Structures are given as structure tokens and as C-alpha cells.
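Asker: this one's experimental. Sequence and coordinates below.
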Amino acid sequence: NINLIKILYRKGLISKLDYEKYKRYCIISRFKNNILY
Amino acid sequence: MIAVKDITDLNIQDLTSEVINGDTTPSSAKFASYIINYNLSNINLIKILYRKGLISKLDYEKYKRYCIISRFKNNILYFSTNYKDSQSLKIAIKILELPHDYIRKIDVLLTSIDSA
């Protein structure tokens, strides 16, 4: 959001959107909460 | 008066009829500028008529990005993959002279792909 507020800026966003799901996969690996939604 | 039209939209981030003078202020402009079409689109943000100004922003920004694509004399590898990311993003999604100007980037990217 520092760059947000030419096409090279969104090249950093794809690095963010990649490992965030991998970090969300760590939050998915940490899904020992057993909910329905 | 014109750059001072963004002086009143600075007060919009500072109430319903007070934003009504800011309602047509984002509509008088789009009926008649690069940074102004980015900030004032966020002036209305922070019914369906507001997003009618957003489509005017999302249209010419790619045309301005086509000027940034016409200015792609930087010969990289991820940038050329980003060049397909700017062209095939609207190929399903989205004015006569810009379409003929779109072929200019189509030849010069492959000309630079032949160069580098």
C-alpha cells in the first residue's frame, strides 16, 4: 500500500498474493478448530 | 477552478447535501488529470452513479498505460510477461484510434522481443 497511495508496481503485488496464500496455507495447516462456514 | 475542483474534493476526506456539491464535482469533470482521476475516484469512495465515474477512470488509464506500453523502450522478462498481463486482462473484458494504436504496441513488443 506504500506504492498504491507503471506496470512494475503490480509486479510486487504478485509476490504478495503468492506467499500470502502460502501463509494462509499455514493458517490452513493450523485449522485444528474442530466451523461449518 | 480546474485544479481547484480538487480543492473541494480535498475537503471530502477532511453531509449529504454537503457532499452533493462533491457529487456533480466528480460528474462535471467526466462530462467535459491523470492524478486527478485517481484521487477524485477515491473522493466518492471514502447509488450506481458513482461507479459510472469509475468506468471512465478504468478506460483511459489503460490507454494511459498504453502510452506507458508505447514507452516500453527498456530493452524485462517479467515485464514482458506483465505486458501480456495488461493486454489479456481486458481481451475478454474490454475509441477507434486507440484500437489502431493497440497494434503499435503489438508490433513493437515483438520487435523488442526480437531485439533483446
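Answerer: Received it, and whenever you're ready, just let me know what you need. Numbering: from 1, shown residues only, chains lettered A, B, ... in the order given.
Asker: interface residues of chain A facing chain B?
Answerer: A:6-8, A:10-11 (C-beta under 8 Å from any C-beta of the partner chain). All C-beta spots, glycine's among them, are computed from the backbone N, C-alpha and C.
Asker: closest point of chain A to chain B, which residue?
Answerer: Here the residue of chain A nearest chain B is residue A:6; by C-beta to the nearest C-beta that distance is 3.8 Å.
Asker: that residue contacts residue B:66, correct?
Answerer: No - counting by C-beta atoms under 8 Å, residue B:66 is not a contact partner of residue A:6; they are 10.2 Å apart.
Asker: for the two, indicate the residue with more neighbours.
Answerer: Here residue A:6 and residue B:66 are compared on neighbour count by other C-beta atoms under 10 Å in any protein chain shown; more neighbours surround residue B:66, at 18 against 14.
Asker: element containing that one?
Answerer: Take DSSP states H and E as the rule and residue B:66 turns out to sit in helix B:51-70.
Asker: tell me the helix or strand right after that helix.
Answerer: Next helix or strand after helix B:51-70 toward the C-terminus (DSSP H and E): helix B:77-87.
Asker: just checking, what packs against that following helix?
Answerer: helix A:10-29, helix B:51-70, helix B:97-115 (3 or more C-beta pairs under 8 Å, 6 or more residues apart in numbering or on different chains; DSSP states H and E).
Asker: then it to CSV, C-alphas only?
Answerer: Presented in CSV, the C-alpha positions along helix B:77-87 are these (Å, rounded to 0.1, in the frame of the first residue of the first chain):
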residue,chain,number,x,y,z
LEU,B,77,11.4,-10.8,-18.7
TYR,B,78,8.8,-10.4,-16.0
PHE,B,79,7.9,-7.0,-17.6
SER,B,80,7.2,-8.7,-20.9
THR,B,81,5.0,-11.2,-19.1
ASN,B,82,3.5,-8.2,-17.4
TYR,B,83,2.8,-6.8,-20.9
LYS,B,84,0.6,-9.8,-21.6
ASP,B,85,-0.9,-9.2,-18.2
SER,B,86,-2.0,-5.8,-19.3
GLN,B,87,-3.3,-6.9,-22.7
